[PDB]
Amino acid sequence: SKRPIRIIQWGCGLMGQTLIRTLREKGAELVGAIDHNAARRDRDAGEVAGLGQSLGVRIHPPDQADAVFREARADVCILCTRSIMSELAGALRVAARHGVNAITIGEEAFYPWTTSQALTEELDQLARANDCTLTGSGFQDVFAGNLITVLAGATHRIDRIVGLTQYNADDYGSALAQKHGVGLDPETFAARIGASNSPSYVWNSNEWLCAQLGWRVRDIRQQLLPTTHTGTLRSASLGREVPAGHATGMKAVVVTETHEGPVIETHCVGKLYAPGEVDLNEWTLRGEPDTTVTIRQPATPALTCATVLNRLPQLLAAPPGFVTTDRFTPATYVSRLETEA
């Protein structure tokens, strides 16, 4: 009474290519593929993902998404494109009007209820009307999320949660480098990135933590600070060199204050790496007792994609609507991506 989960991959860049390969390793099937990049449109999705054998799934531009969805008989659309709800809503609207569940790694979608309230409510109503679920996931789900809440379940009193997450901007596509001000001189950085003070990934992930812990947000204060290096570094996603003393990326510091009293202070670094630098993940719950957890050199791209796939059975079973993963039990390890026939 089971069959493979049928997936449309929307966004066939660095993360979408990993997902196309890995979803098949767990016994799902790729039934459609959408990407607007000129080097990927019209190519076989398997060839683009680095498989040796063609899948017979042609990459379509997103203007033709309705036709891909109409013929695919999909269970899920995985969306790996952009970071902000205004740039995701078009694709999420397509999935919802076809009654196809959708999960995106776009970072604002992890918890968009206050940063993009109107779009989230619009999508929630659309998904409810079409009996499907939309959600956000990726690295935050465990590594700025349930890793903390599982440790909180062993904690007597929480006074403060303090987090550090650092990832390599060169592992990801242009949208990430641009959100982090990679390759801007410091005056450009202050005028573009610092002044706009767009919500960083841990603005939304700290809201998700508060929601899961049963806390109410009273204020959020964010600073976006450029990172530097003493030598030139090369951005692959932007296709240019970043001179010494220009922004190689940014550190966001988000302080999330609750009505209940506890504060979440999260430092979120996305930058080009100097030789020897590695990804960092470290959290401290301060109170009774104090607990510090460290992940040694987290394989951030692999962990992002694996979390998305392990979420799919829960996404299928979830009630219709835009349902953020703070309302789910934690992702569990799935060996086979299958669903009821």
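Heads up: residue numbers just count along the shown sequence, starting at 1.
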property: Entry-level comparison of average CA B-factors, 73 to 81 and 125 to 133, reporting the higher stretch; result: 125 to 133
property: Greater mean Cα temperature factor according to the PDB record, 39 to 47 or 280 to 288; result: 39 to 47
property: Selection by C-alpha B-factor (highest) of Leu119, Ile161, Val142, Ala152; result: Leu119
property: C-alpha B-factor winner, where the candidates are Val255, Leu209, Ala175, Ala247; result: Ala175
property: Third of chain Cα B-factors occupied by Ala318; result: highest
property: Chain thirds of CA B-factor: placement of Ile5; result: lowest
property: Chain third (lowest, middle, highest) by recorded CA B-factor, residue given as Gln17; result: lowest
property: Third of the chain, ranked by Cα B-factor, where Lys26 sits; result: middle
property: Modelled-residue ranking by C-alpha temperature factor, third containing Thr294; result: lowest
